[PDB]
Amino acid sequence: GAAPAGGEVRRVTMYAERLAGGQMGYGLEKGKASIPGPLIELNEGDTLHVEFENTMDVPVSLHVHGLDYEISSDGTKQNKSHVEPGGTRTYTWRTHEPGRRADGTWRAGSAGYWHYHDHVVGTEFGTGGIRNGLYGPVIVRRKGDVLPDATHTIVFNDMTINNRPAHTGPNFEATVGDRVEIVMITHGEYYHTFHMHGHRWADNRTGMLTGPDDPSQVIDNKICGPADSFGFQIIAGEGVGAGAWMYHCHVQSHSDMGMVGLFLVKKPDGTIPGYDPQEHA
């Protein structure tokens, strides 16, 4: 697979729901909200109309990074694009291809790893919403972008991964050789440094080197702060083989307190070498 040229006009329904544990989630269907919210994938040029409904007892909003949107889809109290309790609103996101402007410069596409989150709960910056779990990924693909066997979203939200209690992963499974895509988002108050054992990627738009003349740095550790978003694709177990490969924040008290999960890379027979589930507790 490779992404095709874009330009489809899409629609979807989206709800903001209270979840258990005092949380809040987005979902595509009533009663199916998740944390992180649902992954929205677009190709450059597609438009997405989001038929949005607020099912909670407090205003909420939908603010997106990186995608074209007019002020009316800003998703803020400050230009009256929030959604009252029980209210509804259609947010529109647009994307565009890159190309030469008439002044000679190059307009950058919308392609990239982006995200969306609340901007209204708690404060007019969505501090309460984001803490509760109102966030999710948006991938915009360029025509020709290689496509992954799977996509996993890792959000460092304050001292949590995906709002989970400490040392509860999440874990992610792949088989040696799968092309795995990772979307990494950070939210909240703290900086973090995302690290993956056994695996590395290029610090560019795709996480993959364009070819032999890409000078981007190849890393396995990146500092990130609130609302940063990047992603990459790795071949699971490439050059290293199967195993329970940790990913964690490398800030030493963060990993000690539980900002750790496993990238479980399995042999073809589905087993994991030297993976004693209880030696990782």
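We number the residues from 1 along the sequence you see.
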Once average C-alpha B-factors are taken from the entry for 77-85 and 198-206, the winner is 77-85
Between 132-140 and 158-166, which has the higher average C-alpha B-factor in the PDB entry?
158-166
Which one, 254, 65, 222, 30, has the peak C-alpha temperature factor per the PDB entry?
30
Specify which of 105, 193, 153, 110 carries the largest Cα B factor in the deposited PDB entry.
105
Using the B-factor values recorded in the entry, state whether the Cα atom of residue 56 falls in the lowest, middle or highest third among the modelled residues of its chain.
highest
Which third, lowest, middle or highest, does the C-alpha temperature factor of residue 173 belong to within its own chain?
middle
Ranking every modelled residue in this chain by its Cα temperature factor as given in the entry, which third contains residue 272?
highest
Lowest, middle or highest third: where is residue 181 by C-alpha B factor in its chain?
lowest
How does residue 261 rank on Cα B-factor within its chain, lowest, middle or highest third?
middle
